[PDB]
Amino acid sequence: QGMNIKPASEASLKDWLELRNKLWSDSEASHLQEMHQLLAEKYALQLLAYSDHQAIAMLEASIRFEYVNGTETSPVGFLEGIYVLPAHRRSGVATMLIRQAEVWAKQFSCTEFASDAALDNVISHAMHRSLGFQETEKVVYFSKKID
């Protein structure tokens, strides 16, 4: 319908920032430096969706060559994050973005698209299932300093 999706760019950095920061909180300067890197990374995809003149959603994805939990192939496409403004969550925009993300990943001859979500974000689990993802594994991460 009345929506369009385009890759993010320098012209749309402000739009992308607003949405990105609602998903992952950080300083503008930190987000912005990261976003410029992503623009120059061929294995990253960053899409915005518009309704009228308004940015309403964003998707970020990557191509992962390192092992991803739950997958059977490598490389795979990987959903790094998706955010749709609350008032626009009944528009199928998230489906439209994932579809375009899959077309992108196919260029790399990927056959699987993987993703993850925080264990307690059960709403996001429901959203993944609506987008056609099936749960593979639940895991707990650990870390330690060596230096």
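From 1 onward, residues are counted along the sequence shown.
Across the two stretches, 129 to 137 and 7 to 15, the PDB entry reports the greater mean Cα temperature factor for 7 to 15.
Of the two segments examined, 100 to 108 and 117 to 125, it is 100 to 108 that shows the higher average Cα temperature factor in the deposited entry. Which of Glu66, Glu80, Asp26, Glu34 has the largest Cα B-factor in the deposited entry comes down to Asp26. Annotation for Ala49: CA B-factor lies in the middle third of the chain's modelled residues.
Placement of the Cα temperature factor of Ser62 within the chain: lowest third of the modelled residues, per the deposited record. In the PDB entry, a CA B factor belonging to the middle third of its chain's modelled residues is recorded for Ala94.
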